Amino acid sequence: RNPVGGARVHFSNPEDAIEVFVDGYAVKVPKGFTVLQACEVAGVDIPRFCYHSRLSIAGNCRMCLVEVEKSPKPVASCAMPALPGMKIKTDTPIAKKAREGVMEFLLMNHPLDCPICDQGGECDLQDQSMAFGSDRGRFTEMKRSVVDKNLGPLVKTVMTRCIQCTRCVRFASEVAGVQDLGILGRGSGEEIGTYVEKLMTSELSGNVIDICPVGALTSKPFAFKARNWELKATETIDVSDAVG
Amino acid sequence: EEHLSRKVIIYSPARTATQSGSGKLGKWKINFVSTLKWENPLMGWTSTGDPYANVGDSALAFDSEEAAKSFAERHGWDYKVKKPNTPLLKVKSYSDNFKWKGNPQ
Amino acid sequence: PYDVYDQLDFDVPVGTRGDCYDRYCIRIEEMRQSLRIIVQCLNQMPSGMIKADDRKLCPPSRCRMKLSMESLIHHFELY
Amino acid sequence: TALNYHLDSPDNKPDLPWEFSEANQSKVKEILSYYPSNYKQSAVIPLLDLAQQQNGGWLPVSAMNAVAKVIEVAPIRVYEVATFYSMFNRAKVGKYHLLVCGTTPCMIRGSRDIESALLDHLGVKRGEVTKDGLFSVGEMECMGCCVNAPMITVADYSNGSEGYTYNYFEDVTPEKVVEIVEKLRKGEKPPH
Amino acid sequence: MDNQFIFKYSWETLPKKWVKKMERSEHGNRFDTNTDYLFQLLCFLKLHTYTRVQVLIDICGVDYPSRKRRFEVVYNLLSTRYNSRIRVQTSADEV
Amino acid sequence: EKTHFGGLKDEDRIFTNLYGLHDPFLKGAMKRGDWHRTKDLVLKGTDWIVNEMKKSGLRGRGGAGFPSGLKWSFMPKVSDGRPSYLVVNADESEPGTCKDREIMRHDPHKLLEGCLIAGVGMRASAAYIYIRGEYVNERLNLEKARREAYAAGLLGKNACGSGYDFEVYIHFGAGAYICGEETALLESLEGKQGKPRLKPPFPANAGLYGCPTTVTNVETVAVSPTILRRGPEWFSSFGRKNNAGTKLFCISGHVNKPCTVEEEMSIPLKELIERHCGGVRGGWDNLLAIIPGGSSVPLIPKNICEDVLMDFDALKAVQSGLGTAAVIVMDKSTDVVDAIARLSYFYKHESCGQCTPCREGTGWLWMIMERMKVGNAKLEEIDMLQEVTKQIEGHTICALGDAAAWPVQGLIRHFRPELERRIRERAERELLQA
Amino acid sequence: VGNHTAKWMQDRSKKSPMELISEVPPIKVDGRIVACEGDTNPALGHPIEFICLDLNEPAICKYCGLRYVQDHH
Amino acid sequence: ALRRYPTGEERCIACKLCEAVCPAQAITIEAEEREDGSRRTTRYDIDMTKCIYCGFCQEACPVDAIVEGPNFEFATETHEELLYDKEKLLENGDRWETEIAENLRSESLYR
Ligand SMILES: Cc1cc2nc3c(=O)[nH]c(=O)nc-3n(C[C@H](O)[C@H](O)[C@H](O)COP(=O)(O)O)c2cc1C
Ligand code: SF4
Ligand code: SF4
Ligand code: SF4
Ligand code: SF4
Ligand code: SF4
Ligand code: FES
Ligand code: FES
Ligand SMILES: [Zn+2]
């Protein structure tokens with residue numbers, strides 16, 4: 001099977017490979033790969049929100065739950081190391097129902113503003129709600145709401161849409177090298193912010209727009225200008241410096 | 001005749017940066033580099049006189065590089081192939097988030 | 001047959017000469033039989049939903065799209 | 001009215017200087033000595049507790065910046081700690097901070113009978129310091145099984161860090177809680 | 001005369017070299033023939049007593065640019081005698 | 001004996017100062033038997049301390065009931081460069097529990113000696129004691145005892161003359177229930193927010209500062225020296241098989257005399273309530289429900305309380321748990337629906353917010369429970385409430401997500417007709433009034 | 001009057017929608033949260049929006065532009 | 001016709017759903033953030049000569065901003081006048097608001 005996205009796998013030594021089973025099929029992965037990565041090698045696309053391949057593993061969104069043989073609980077595939085002889089099931093009723101329940105929790109307090117949200121049409125939350133949790137909504141109470149924060153002229157903020165995946169916080173501390181974003185508070189009232197008023201001054205700050213899976217962090221100069229489906233994509237390179 | 005000598009690019013569109021899902025890759029398209037458009041001076045609508053303005057993205061698709069390459073040379077289009085970039089799956093560990101800093105130096 | 005045609009009574013008129021005059025008479029009779037079907041459909045019309053309820057190709061109601069996150073997402077995708 | 005963000009105010013803004021007092025740098029050193037020198041972040045909670053004692057019972061943002069400098073972390077990491085834990089006050093409280101209105105284990109035994117009496121005597125609402133800046137009323141952290149509920153907590157910041165106390169008072173009635181506030185005003189430590 | 005009978009009867013009685021592919025499904029029985037046998041197969045289906053495929057409903061092309069024979073010519077046929085439909089397809093290129 | 005359990009006599013009580021009638025400091029401790037022949041115990045070696053712990057059948061006193069001897073043997077046998085740490089969980093924020101507070105209040109040297117004994121049995125070089133931030137007096141009491149131990153050579157370099165170097169440090173929290181969780185405790189001790197980690201890695205491999213670490217309860221630690229001196233066979237004589245030892249119980253609520261007491265494991269609940277607490281207020285007859293240990297286990301109805309025994313295994317068999325052995329007793333006059341809705345608020349308020357099912361599910365359970373308190377719901381909403389608990393259970397990072405769903409599931413399982421009656425009455429009033 | 005409105009509005013006789021929505025005073029709310037439907041009949045309004053009122057500045061509904069403030073604090 | 005709220009604010013929030021669904025590609029929209037932060041269109045064009053009067057745009061709109069009104073008598077002497085811009089559509093909504101609101105109330109029980 002072709003790896004998801006044509007992802008290349010490099011082996012330090014063939015002896016340092018283990019065997020795992022993904023929905024019956026057999027795959028060979030390097031030692032140290034996680035269950036999610038073994039799924040990618042087997043050409044199985046596991047839904048995920050908090051996991052990013054270039055950031056440290058968080059394991060908080062719980063959308064990557066899969067069924068592992070001899071395991072009493074659904075396993076967070078993004079974090080669990082794959083083991084020899086592991087039998088991984090990704091479409092059994094336990095896995096499908098776990099995804100449905102988590103998706104219902106994600107949409108519980110999410111604002112009804114797809115028409116005014118720039119993420120619409122390229123939103124992971126819309127797609128995974130269509131595919132995995134196709135559950136009619138039964139939440140009728142009052143949603144929570146959050147005030148917006150000022151992060152500067154580049155990053156537009158609508159924090160009602162935030163799903164507390166902490167990708168932006170981890171990017172600020174592991175890639176940008178500037179620790180300004182954090183997660184403040186506790187419980188359902190935790191908020192992503194800088195606490196004190198301050199703007200994102202890192203030269204890599206605009207990348208939080210790409211990594212935010214929802215429309216919480218969006219491009220301010222691009223705001224409301226177009227929908228993704230009407231845009232033509234050209235693959236080129238940058239000439240701002242000598243990096244290409 | 002005149003439209004058969006245009007230069008095209010055979011390429012596999014990469015994954016978008018706003019979504020983590022990979023369910024569009026593996027496709028191969030012929031880019032006709034149709035870059036002659038302007039504004040109609042009554043409403044400002046986007047005008048174009050190129051017949052191949054949108055056919056390369058809407059209807060013409062190929063499941064393989066070879067299939068795309070064979071169709072271009074049968075039609076007489078001079079093409080260039082751009083190989084797609086692919087990610088390198090690297091070993092990750094949740095345990096690495098707690099690595100011991102070591103003895104106070 | 002398709003839809004509820006197997007639960008309805010109507011006759012099928014056929015010609016005996018194959019000429020323009022036969023086909024004229026057949027269209028008159030088909031109109032009479034069409035009247036017959038409409039009357040039966042009017043009396044047998046049951047209550048219930050008029051859209052299929054699989055939330056994959058059926059647009060949600062205006063009230064749920066404006067009240068439920070799942071319905072608004074489905075409405076966004078379908079249109 | 002606890003909020004997970006900071007709005008600048010004349011008495012609460014980063015530019016106001018804030019250091020640990022010289023009598024408190026001795027306590028800071030021993031706190032830092034409990035942990036490996038490359039793991040100074042471990043001392044954030046005892047240092048924030050010490051800083052709040054020195055500042056009369058609350059943590060201005062300059063105090064959180066000072067603690068961040070002591071342990072050499074970005075101040076956002078300290079802000080995360082200060083907002084996560086309920087023992088840290090980020091707004092002014094009185095010299096004696098009174099904690100009432102307990103949780104589940106006590107209200108079975110009628111805990112919600114002391115709060116209204118306390119605001120009535122102090123002539124203030126919850127969260128607001130009195131005009132002399134002596135007394136404030138906040139939510140109570142609940143401990144034990146409340147066999148003797150109703151119960152209130154008194155945090156004493158009247159004498160900096162060397163006179164700090166955090167005590168629980170049992171059998172509190174609308175007439176005992178008035179007696180407690182009177183000895184607190186007079187300076188006598190109420191019994192417990 | 002259901003789609004099971006036609007599939008089973010055709011396999012037994014048809015010349016073997018005429019059909020390359022046979023699909024039985026609720027989307028329609030479908031014989032894929034080679035270009036040089038299309039005419040004879042349709043003549044067999046029309047004249048044979050147990051098929052009596054008398055009506056040619058329509059002929060349509062489909063373009064598949066990724067295939068070396070890009071065009072697929074689809075013959076939709078009906079037997080009023082037995083109240084059944086059959087699909088016969090063949091591939092072709094531009095020349 | 002083998003047939004009936006209870007009536008633990010006064011010469012078999014590990015905590016002889018539980019009532020605090022004697023001096024808790026060093027002089028009173030040696031008089032009671034603390035710091036006695038501790039040099040001999042350390043010189044026995046780590047493999048003997050671990051082995052005697054296993055034979056004693058001591059189980060985890062923090063709620064999970066894991067065999068303590070096996071848990072200590074998880075620690076590395078040869079150091080790989082990293083030091084080993086022992087962390088003592090004194091962060092008891094669980095409602096209705098004060099057993100650990102009493103141990104630190106009246107027997108701090110039992111805890112300190114246990115830290116040294118446990119450290120040797122895990123090859124640990126340093127111990128950290130994490131005290132609840134609200135135990136300000138209790139912390140200062142333990143700190144005074146800790147100075148007494150260091151000054152007397154019982155702790156620090158060459159502890160008790162045994163040649164073993166062991167440091168004891170005291171740390172405190174700042175008011176979070178979640179910090180009682182073992183991995184959340186490690187995160188808090190490192191100076192971060194109290195957010196539990198995923199497992200793997202396990203703390204025995206990568207815990208505090210990413211070093212091998214064992215997080216154990218105060219009760220588990222404070223009983224280890226006494227188990228060593230008097231021998232494991234004496235300890236395993238008490239209680240049923242696989243539920244050996246004594247236990248600190250604390251009974252609260254609607255009992256004639258609430259008290260904290262040390263009793264045999266597997267003592268019948270009824271015997272403990274009537275014989276030690278003067279019985280249920282209004283007679284055993286007036287009993288709606290009992291929450292066996294702490295607010296993190298489902299309640300059990302009056303019929304179940306008749307014969308169930310207070311151990312880990314018996315309470316598991318009736319869809320409950322021993323927990324912290326904090327007994328909460330509710331008579332017929334209590335609104336059980338309001339009682340559960342109160343616990344639902346506690347779990348919504350105490351959720352650390354890290355993972356989706358806990359962060360959003362706990363508040364959803366609370367909102368429904370507030371509506372079911374007054375009947376402002378449909379009959380079908382009871383089934384939905386059960387399904388919401390199942391979406392939280394087993395899908396969260398830590399066990400608080402499980403502890404949030406259990407009281408709601410127990411209410412539906414045992415008191416569904418009480419719920420339905422409220423809903424029917426509310427709709428009955430709705431029809432007539434308007 | 002603004003550049004955004006001047007793109008499409010060539011008539012200066014009437015006030016622009018931006019000025020009209022700025023004139024309606026903020027709606028006072030007893031509480032820190034309000035739900036806006038944009039209409040007295042929710043089915044004829046916009047998708048429900050929940051608005052936090054923790055800031056001192058008036059909070060704007062992102063659909064219809066109505067503004068809300070806390071009544072007391 | 002394009003509609004407004006009773007306060008005078010436009011209903012349209014430039015979601016572009018009507019533009020995406022329109023089977024004739026008769027709708028052209030441009031948008032940007034307004035000076036007060038609002039998400040509003042700066043251009044809304046409907047080619048009445050491309051339009052097939054299907055009502056799909058009205059179905060797609062989530063805020064009842066675009067509607068097909070009851071007017072059918074708008075024949076023109078020039079092709080240009082049938083290129084409706086935003087101002088013309090808002091004029092139509094102002095003129096026909098009382099009838100449109102009445103039809104929407106009557107039809108609300110079916111959609
Ligand atoms: C929400 C939560 C709170 C907890 N609180 C405590 C606690 O206060 N004290 C404790 O000893 N264990 C507590 N635990 C259990 C610990 O995670 C862990 O099992 C225990 O510290 C191990 O001690 P033991 O092996 O001696 O029983 C808690 C667990 C959870 C999920
Ligand atoms: S992020 Fe935006 S597009 Fe995605 S579901 Fe939320 S509101 Fe809709
Ligand atoms: S703002 Fe976006 S990236 Fe940051 S935590 Fe929220 S959802 Fe995740
Ligand atoms: S279950 Fe609750 S307390 Fe535990 S990690 Fe998840 S959100 Fe935090
Ligand atoms: S009625 Fe609306 S959707 Fe249909 S063609 Fe006209 S503008 Fe497009
Ligand atoms: S008219 Fe309606 S559907 Fe079209 S852009 Fe405006 S709000 Fe969206
Ligand atoms: S992707 Fe694994 S928990 Fe979020
Ligand atoms: S009133 Fe009982 S713990 Fe506060
Ligand atoms: Zn509104």
# chains A, B, ... in the order shown; residues from 1 in each chain; ligands from 1
>>> residues_near_ligand(ligand="ligand 3", cutoff="10 Å", atoms="only C-alpha atoms and all ligand atoms", output="JSON, numbers by chain")
{"A": [49, 50, 61, 157, 158, 159, 160, 161, 162, 163, 164, 165, 166, 167, 168, 169, 170, 171, 181, 182, 183, 190, 191, 192, 193, 208, 209, 210, 211, 212, 213, 214, 215, 216, 217, 218]}
>>> write_last_selection(atoms="C-alpha atoms", output="PDB file, in the first residue's frame")
ATOM      1  CA  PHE A  49      -6.673  17.737  15.621  1.00  0.00           C
ATOM      2  CA  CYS A  50      -3.985  18.226  18.274  1.00  0.00           C
ATOM      3  CA  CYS A  61      -8.097  16.247  21.397  1.00  0.00           C
ATOM      4  CA  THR A 157      -8.540  36.230  16.433  1.00  0.00           C
ATOM      5  CA  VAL A 158     -12.008  34.740  16.992  1.00  0.00           C
ATOM      6  CA  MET A 159     -11.572  32.614  20.108  1.00  0.00           C
ATOM      7  CA  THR A 160     -15.095  31.178  20.325  1.00  0.00           C
ATOM      8  CA  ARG A 161     -13.957  28.772  17.594  1.00  0.00           C
ATOM      9  CA  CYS A 162     -10.847  27.587  19.461  1.00  0.00           C
ATOM     10  CA  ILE A 163     -10.915  23.892  20.368  1.00  0.00           C
ATOM     11  CA  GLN A 164      -8.005  24.058  22.859  1.00  0.00           C
ATOM     12  CA  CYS A 165      -5.720  21.859  20.755  1.00  0.00           C
ATOM     13  CA  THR A 166      -2.639  23.835  21.972  1.00  0.00           C
ATOM     14  CA  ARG A 167      -0.940  23.597  18.563  1.00  0.00           C
ATOM     15  CA  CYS A 168      -0.305  27.356  18.564  1.00  0.00           C
ATOM     16  CA  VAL A 169       1.177  27.278  22.076  1.00  0.00           C
ATOM     17  CA  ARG A 170       3.501  24.416  21.160  1.00  0.00           C
ATOM     18  CA  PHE A 171       4.511  26.121  17.907  1.00  0.00           C
ATOM     19  CA  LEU A 181       1.233  32.327  23.729  1.00  0.00           C
ATOM     20  CA  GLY A 182       0.005  30.154  26.583  1.00  0.00           C
ATOM     21  CA  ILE A 183      -3.129  28.466  27.881  1.00  0.00           C
ATOM     22  CA  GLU A 190      -9.340  27.861  29.721  1.00  0.00           C
ATOM     23  CA  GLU A 191      -8.304  30.427  27.119  1.00  0.00           C
ATOM     24  CA  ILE A 192      -5.393  30.712  24.713  1.00  0.00           C
ATOM     25  CA  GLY A 193      -3.736  34.100  25.123  1.00  0.00           C
ATOM     26  CA  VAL A 208      -0.039  29.815  13.513  1.00  0.00           C
ATOM     27  CA  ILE A 209      -2.706  30.535  10.891  1.00  0.00           C
ATOM     28  CA  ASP A 210      -1.806  27.350   9.011  1.00  0.00           C
ATOM     29  CA  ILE A 211      -1.582  25.116  12.076  1.00  0.00           C
ATOM     30  CA  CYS A 212      -4.801  26.275  13.738  1.00  0.00           C
ATOM     31  CA  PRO A 213      -7.332  23.677  12.512  1.00  0.00           C
ATOM     32  CA  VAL A 214     -10.297  26.004  13.099  1.00  0.00           C
ATOM     33  CA  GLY A 215     -10.912  29.649  12.272  1.00  0.00           C
ATOM     34  CA  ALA A 216      -9.702  30.883  15.653  1.00  0.00           C
ATOM     35  CA  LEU A 217      -6.380  32.217  14.298  1.00  0.00           C
ATOM     36  CA  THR A 218      -6.735  33.651  10.791  1.00  0.00           C
TER      37      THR A 218
END
>>> residues_near_ligand(ligand="ligand 9", cutoff="6 Å", atoms="only C-alpha atoms and all ligand atoms", output="PyMOL selection string")
chain G and resi 36-38+61+63-64+66
>>> interface_residues(of="chain A", to="chain G", cutoff="10 Å", atoms="only C-alpha atoms", output="NGL selection string")
:A and (109-116 or 142-148 or 160)
>>> write_last_selection(atoms="N, CA and C atoms", output="PDB file, in the first residue's frame")
ATOM      1  N   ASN A 109     -19.786  23.368  22.153  1.00  0.00           N
ATOM      2  CA  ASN A 109     -19.688  24.804  22.382  1.00  0.00           C
ATOM      3  C   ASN A 109     -19.182  25.568  21.167  1.00  0.00           C
ATOM      4  N   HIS A 110     -19.020  24.906  20.028  1.00  0.00           N
ATOM      5  CA  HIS A 110     -18.500  25.581  18.849  1.00  0.00           C
ATOM      6  C   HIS A 110     -19.535  26.560  18.298  1.00  0.00           C
ATOM      7  N   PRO A 111     -19.123  27.769  17.920  1.00  0.00           N
ATOM      8  CA  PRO A 111     -20.090  28.755  17.429  1.00  0.00           C
ATOM      9  C   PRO A 111     -20.604  28.411  16.042  1.00  0.00           C
ATOM     10  N   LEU A 112     -21.852  28.804  15.790  1.00  0.00           N
ATOM     11  CA  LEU A 112     -22.507  28.537  14.486  1.00  0.00           C
ATOM     12  C   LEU A 112     -22.164  29.670  13.526  1.00  0.00           C
ATOM     13  N   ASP A 113     -20.920  29.723  13.085  1.00  0.00           N
ATOM     14  CA  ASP A 113     -20.532  30.820  12.212  1.00  0.00           C
ATOM     15  C   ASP A 113     -19.652  30.345  11.063  1.00  0.00           C
ATOM     16  N   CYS A 114     -19.951  29.170  10.512  1.00  0.00           N
ATOM     17  CA  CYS A 114     -19.325  28.754   9.257  1.00  0.00           C
ATOM     18  C   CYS A 114     -19.477  29.788   8.145  1.00  0.00           C
ATOM     19  N   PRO A 115     -20.650  30.392   7.914  1.00  0.00           N
ATOM     20  CA  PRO A 115     -20.748  31.403   6.846  1.00  0.00           C
ATOM     21  C   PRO A 115     -19.853  32.619   7.041  1.00  0.00           C
ATOM     22  N   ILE A 116     -19.527  33.006   8.276  1.00  0.00           N
ATOM     23  CA  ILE A 116     -18.657  34.158   8.500  1.00  0.00           C
ATOM     24  C   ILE A 116     -17.246  33.758   8.901  1.00  0.00           C
ATOM     25  N   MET A 142     -26.993  26.370  26.711  1.00  0.00           N
ATOM     26  CA  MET A 142     -26.308  27.588  26.308  1.00  0.00           C
ATOM     27  C   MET A 142     -24.838  27.293  26.041  1.00  0.00           C
ATOM     28  N   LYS A 143     -24.351  27.729  24.884  1.00  0.00           N
ATOM     29  CA  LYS A 143     -22.941  27.590  24.562  1.00  0.00           C
ATOM     30  C   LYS A 143     -22.111  28.574  25.376  1.00  0.00           C
ATOM     31  N   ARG A 144     -20.846  28.228  25.584  1.00  0.00           N
ATOM     32  CA  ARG A 144     -19.929  29.194  26.159  1.00  0.00           C
ATOM     33  C   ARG A 144     -19.479  30.182  25.088  1.00  0.00           C
ATOM     34  N   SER A 145     -19.003  31.336  25.540  1.00  0.00           N
ATOM     35  CA  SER A 145     -18.498  32.364  24.647  1.00  0.00           C
ATOM     36  C   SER A 145     -17.212  32.940  25.218  1.00  0.00           C
ATOM     37  N   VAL A 146     -16.380  33.468  24.326  1.00  0.00           N
ATOM     38  CA  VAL A 146     -15.051  33.960  24.661  1.00  0.00           C
ATOM     39  C   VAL A 146     -14.854  35.306  23.977  1.00  0.00           C
ATOM     40  N   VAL A 147     -14.214  36.239  24.674  1.00  0.00           N
ATOM     41  CA  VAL A 147     -13.865  37.519  24.069  1.00  0.00           C
ATOM     42  C   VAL A 147     -12.629  37.339  23.199  1.00  0.00           C
ATOM     43  N   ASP A 148     -12.482  38.210  22.204  1.00  0.00           N
ATOM     44  CA  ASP A 148     -11.351  38.134  21.292  1.00  0.00           C
ATOM     45  C   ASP A 148     -10.140  38.864  21.862  1.00  0.00           C
ATOM     46  N   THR A 160     -13.985  32.101  20.109  1.00  0.00           N
ATOM     47  CA  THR A 160     -15.095  31.178  20.325  1.00  0.00           C
ATOM     48  C   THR A 160     -14.884  29.881  19.556  1.00  0.00           C
TER      49      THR A 160
END
>>> select_by_dssp(residues="chain G", states="strand (DSSP E)", output="list in words")
residues 27, 28, 29, 33, 34, 35, 36, 49, 50, 51, 52, 59, 60, 67, 68, 69 and 70 of chain G
>>> residues_around(residues="segment 3-9 of chain G", least_positions_apart="2", cutoff="6 Å", atoms="only C-alpha atoms", output="PyMOL selection string")
(chain G and resi 11) or (chain H and resi 34+42)
>>> interface_residues(of="chain A", to="chain C", cutoff="10 Å", atoms="only C-alpha atoms", output="list in words")
residues 103, 104, 107, 108, 109, 110, 111, 112, 113, 114, 115, 120, 121, 125, 126, 127, 129, 130, 131, 133, 134, 135, 136, 137, 138, 139 and 140 of chain A
>>> residues_near_ligand(ligand="ligand 7", cutoff="12 Å", atoms="only C-alpha atoms and all ligand atoms", output="JSON, numbers by chain")
{"A": [34, 35, 36, 37, 45, 46, 47, 48, 49, 50, 51, 52, 53, 55, 56, 57, 58, 59, 60, 61, 62, 63, 64, 65, 66, 74, 75, 76, 77, 78, 79, 80, 98, 99, 102, 103, 106, 163, 164, 165, 166, 167, 213], "B": [20, 21, 94], "F": [197, 198, 354, 355, 356, 357, 395, 396, 397]}
>>> closest_atom_pairs(of="chain F", to="chain D", cutoff="8 Å", atoms="only C-alpha atoms", output="JSON lines")
{"residue": "F:93", "atom": "CA", "partner": "D:143", "partner_atom": "CA", "distance": 6.8}
{"residue": "F:95", "atom": "CA", "partner": "D:144", "partner_atom": "CA", "distance": 6.3}
{"residue": "F:96", "atom": "CA", "partner": "D:145", "partner_atom": "CA", "distance": 3.8}
{"residue": "F:97", "atom": "CA", "partner": "D:144", "partner_atom": "CA", "distance": 5.4}
{"residue": "F:98", "atom": "CA", "partner": "D:144", "partner_atom": "CA", "distance": 5.2}
{"residue": "F:133", "atom": "CA", "partner": "D:87", "partner_atom": "CA", "distance": 7.8}
{"residue": "F:134", "atom": "CA", "partner": "D:166", "partner_atom": "CA", "distance": 7.6}
{"residue": "F:136", "atom": "CA", "partner": "D:166", "partner_atom": "CA", "distance": 6.3}
{"residue": "F:137", "atom": "CA", "partner": "D:166", "partner_atom": "CA", "distance": 7.6}
{"residue": "F:169", "atom": "CA", "partner": "D:34", "partner_atom": "CA", "distance": 6.5}
{"residue": "F:171", "atom": "CA", "partner": "D:46", "partner_atom": "CA", "distance": 7.8}
{"residue": "F:172", "atom": "CA", "partner": "D:46", "partner_atom": "CA", "distance": 7.2}
{"residue": "F:173", "atom": "CA", "partner": "D:45", "partner_atom": "CA", "distance": 6.9}
{"residue": "F:174", "atom": "CA", "partner": "D:87", "partner_atom": "CA", "distance": 5.1}
{"residue": "F:175", "atom": "CA", "partner": "D:86", "partner_atom": "CA", "distance": 5.3}
{"residue": "F:176", "atom": "CA", "partner": "D:85", "partner_atom": "CA", "distance": 6.0}
{"residue": "F:188", "atom": "CA", "partner": "D:42", "partner_atom": "CA", "distance": 7.8}
{"residue": "F:189", "atom": "CA", "partner": "D:42", "partner_atom": "CA", "distance": 5.7}
{"residue": "F:190", "atom": "CA", "partner": "D:42", "partner_atom": "CA", "distance": 4.4}
{"residue": "F:191", "atom": "CA", "partner": "D:42", "partner_atom": "CA", "distance": 4.1}
{"residue": "F:192", "atom": "CA", "partner": "D:81", "partner_atom": "CA", "distance": 6.4}
{"residue": "F:193", "atom": "CA", "partner": "D:81", "partner_atom": "CA", "distance": 5.6}
{"residue": "F:194", "atom": "CA", "partner": "D:84", "partner_atom": "CA", "distance": 7.9}
{"residue": "F:252", "atom": "CA", "partner": "D:145", "partner_atom": "CA", "distance": 6.2}
{"residue": "F:253", "atom": "CA", "partner": "D:147", "partner_atom": "CA", "distance": 7.0}
{"residue": "F:258", "atom": "CA", "partner": "D:147", "partner_atom": "CA", "distance": 7.0}
{"residue": "F:339", "atom": "CA", "partner": "D:104", "partner_atom": "CA", "distance": 7.8}
{"residue": "F:342", "atom": "CA", "partner": "D:104", "partner_atom": "CA", "distance": 5.8}
{"residue": "F:343", "atom": "CA", "partner": "D:104", "partner_atom": "CA", "distance": 6.9}
{"residue": "F:346", "atom": "CA", "partner": "D:104", "partner_atom": "CA", "distance": 7.6}
>>> write_last_selection(atoms="C-alpha atoms", output="tab-separated table (two decimals), in the first residue's frame")
chain	number	residue	atom	x	y	z
F	93	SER	CA	-8.46	17.31	47.85
F	95	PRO	CA	-14.26	15.64	49.46
F	96	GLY	CA	-14.97	13.92	52.76
F	97	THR	CA	-11.43	12.58	53.32
F	98	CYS	CA	-8.99	13.63	56.04
F	133	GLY	CA	-1.73	23.98	49.61
F	134	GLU	CA	-4.53	24.48	52.14
F	136	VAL	CA	-0.74	25.29	55.95
F	137	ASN	CA	-0.62	24.28	59.62
F	169	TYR	CA	11.99	17.86	50.75
F	171	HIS	CA	6.55	20.86	48.40
F	172	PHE	CA	3.01	22.22	48.37
F	173	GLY	CA	0.28	22.87	45.83
F	174	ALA	CA	-1.97	25.86	45.27
F	175	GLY	CA	-5.51	24.50	45.33
F	176	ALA	CA	-6.25	22.04	42.53
F	188	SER	CA	2.91	20.53	39.22
F	189	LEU	CA	6.12	19.60	41.06
F	190	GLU	CA	8.06	20.63	37.94
F	191	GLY	CA	6.53	24.11	38.01
F	192	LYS	CA	3.91	23.63	35.29
F	193	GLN	CA	0.12	23.46	35.29
F	194	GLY	CA	-1.40	20.40	36.92
F	252	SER	CA	-19.28	11.31	57.57
F	253	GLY	CA	-22.81	12.42	56.84
F	258	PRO	CA	-19.00	10.81	62.64
F	339	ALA	CA	-26.60	15.34	45.81
F	342	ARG	CA	-23.66	18.74	43.36
F	343	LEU	CA	-20.90	16.22	42.63
F	346	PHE	CA	-17.45	19.53	41.58
>>> residues_around(residues="segment 51-55 of chain D", least_positions_apart="5", cutoff="9 Å", atoms="only C-alpha atoms", output="list in words")
residues 19, 20, 21, 24, 46, 60, 63, 64, 66, 67, 88, 89, 156, 157, 159, 160, 161, 162, 163 and 164 of chain D
>>> interface_residues(of="chain F", to="chain B", cutoff="12 Å", atoms="only C-alpha atoms", output="list in words")
residues 80, 81, 82, 83, 84, 183, 186, 187, 190, 197, 198, 199, 200, 201, 202, 203, 205, 206, 207, 208, 209, 210, 211 and 212 of chain F
>>> interface_residues(of="chain A", to="chain H", cutoff="9 Å", atoms="only C-alpha atoms", output="JSON, numbers by chain")
{"A": [114, 115, 116, 117, 118, 120, 221, 222, 223, 224, 225, 226, 227, 229, 230]}
>>> residues_around(residues="segment 328-335 of chain F", least_positions_apart="5", cutoff="8 Å", atoms="only C-alpha atoms", output="list in words")
residues 96, 251, 252, 253, 254, 255, 280, 281, 282, 286, 287, 288, 289, 290, 291, 292, 293 and 294 of chain F
